[PDB]
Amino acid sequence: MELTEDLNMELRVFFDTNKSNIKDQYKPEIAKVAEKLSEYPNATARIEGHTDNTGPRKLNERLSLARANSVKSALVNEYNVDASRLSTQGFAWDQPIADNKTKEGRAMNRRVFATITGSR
């Protein structure tokens, strides 16, 4: 008489230097997230944006948030997901997941990680 299905989903989107646009190769992933947000109407998403450590501090604070908002925007405007179900926050270069000393590491740091959770 009690039935619960819990959703746990993790999305990773990476960005080009000084850019906050969603590259086409991530559209399929974002579409999958929108699908689950539809299948789990009560689920919410925690979207967090980041940057590598290159450039002015404020540029990165703004860019990291712009990246998170770009992902939210895709869900909201392309998939009609209720905006209030998604939070966005930028962390500039404060939470690296790779070595900023290499191009490859910096590329890993220019990212948006989103955690989608909820039950139905």
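One-based numbering along the sequence shown. C-alpha atoms forming the largest set that superposes within 1.5 Å between two forms make up the rigid core.
Superposing the other copies on the rigid core and comparing 111-119 to 2-10, farther C-alpha placement in 5 other deposited structures of this protein marks 2-10. As the entry records it, the average C-alpha temperature factor is higher for 20-28, out of 20-28 and 105-113.
Between the stretches 51-59 and 71-79, it is 71-79 that shows the larger average CA temperature factor. Across the options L65, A34, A43, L86, the residue with the most elevated CA B-factor in the record is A34.
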